[PDB]
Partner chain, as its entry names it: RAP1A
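Shown below, as structure tokens, is a lone chain in the form solved without its partner chain; questions about how it binds or moves come after it.
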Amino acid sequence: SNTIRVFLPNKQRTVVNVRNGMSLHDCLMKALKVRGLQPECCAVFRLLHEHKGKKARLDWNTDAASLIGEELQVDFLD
């Protein structure tokens, strides 16, 4: 794929495309930028497509191109 979803911590959702020069932070700093959020104070995750009770936690420089074709979330930080 080349698309992934971003669910907000305010329970929202949206779809984003991954380009060259992405990285989680800069790739979500698209998303949240649009939304009016900041990612610096949050933790981003990929959703539990093979887990229960736990989202798959990612890096703020994560290769979203490896989470490509999935659903992501953002939550509180650490």
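Positions refer to the first chain, counted from 1.
Keep in mind that the form solved in complex with its partner chain is not shown, yet the notes after this line are about it.
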{"property": "Its partner chain contact in the entry with it bound: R13, any heavy atom under 4.5 Å", "result": "yes"}
{"property": "Exercise: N17 in contact with its partner chain in the entry with it bound, heavy atom 4.5 Å", "result": "yes"}
{"property": "Heavy atom of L48 within 4.5 Å of its partner chain in the entry with it bound", "result": "no"}
{"property": "Contact flag, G53 vs its partner chain in the entry with it bound, heavy atom cut 4.5 Å", "result": "no"}
{"property": "Sequence-ordered list of residues in 29-43 near its partner chain in the entry with it bound, where near means a heavy atom within 4.5 Å", "result": "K30, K33, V34, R35, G36"}
